[PDB]
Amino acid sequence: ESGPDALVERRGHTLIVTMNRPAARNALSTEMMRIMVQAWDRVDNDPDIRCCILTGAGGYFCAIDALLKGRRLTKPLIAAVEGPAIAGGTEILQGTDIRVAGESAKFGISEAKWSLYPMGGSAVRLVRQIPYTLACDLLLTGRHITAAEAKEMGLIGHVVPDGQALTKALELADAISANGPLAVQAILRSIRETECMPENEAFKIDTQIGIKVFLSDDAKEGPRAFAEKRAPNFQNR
């Protein structure tokens, strides 16, 4: 209806991306997606950004690519879900790392009800992120579930009262942003680089990623801060 189809805001080291078509339940638009991709590039390219939050306006969530298919942000992405996260909203959710929902949020992948296909990658990701039979139930029946059920399935990690999803997400982003950005981002890189590698092969990649972190200046600041019984002040190097 009014304004840009996605808003981008900054809060400390956290970049907040708000899908903003509330009159259309934040249904994806091409302008919404262009704003999202450039925010994604901002997250990757700005060393001052340590965390990203994805949310929707107007009591809905959503009902280089869109749902981050073929691309994943190099910094942590927290979903703050209020209200419906159906179809596109649940596919996007699987491209986020940490997941908070309001109590009244709903999840579901309804594409097959209309003989459509989930193009956002749910048929690849969902069985890898929650127990197989629970994933199959969602993908094949297309039924909608509550936030409580989603947490029970392991699809999200936190359920908060309605309206507090963004608040809790910002608490989590504040904890991430206070951690060493080089460590946080190396962990993500390892998770992605080692996917579907048997662990003896994966450990070789993971060990080299880790040793690189230990060679940083920030890896000296962390221990110094702990010995000086004070909070660390990381510089992304």
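One-based numbering along the sequence shown.
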If the chain runs straight from residue 63 to residue 64, say none; otherwise bin the unmodelled deposited residues as 1 to 3, 4 to 9, or 10 or more.
10 or more
For the higher mean C-alpha B factor in the entry, choose 20-28 or 212-220.
20-28
Selected stretch [higher average CA B-factor]: 39-47 or 177-185:
39-47
Based on the entry's values, in what third of the chain does the Cα temperature factor of residue 151 lie: lowest, middle or highest?
lowest
CA B-factor placement of residue 113, once the chain's modelled residues are sorted into thirds:
middle
What third of the chain does residue 204 rank in for C-alpha temperature factor, lowest, middle or highest?
middle
Test of reading the entry: by CA B factor among the chain's modelled residues, which third contains residue 197?
lowest
Within this chain's modelled residues, let me know which third the CA B factor of residue 53 belongs to: lowest, middle or highest.
lowest
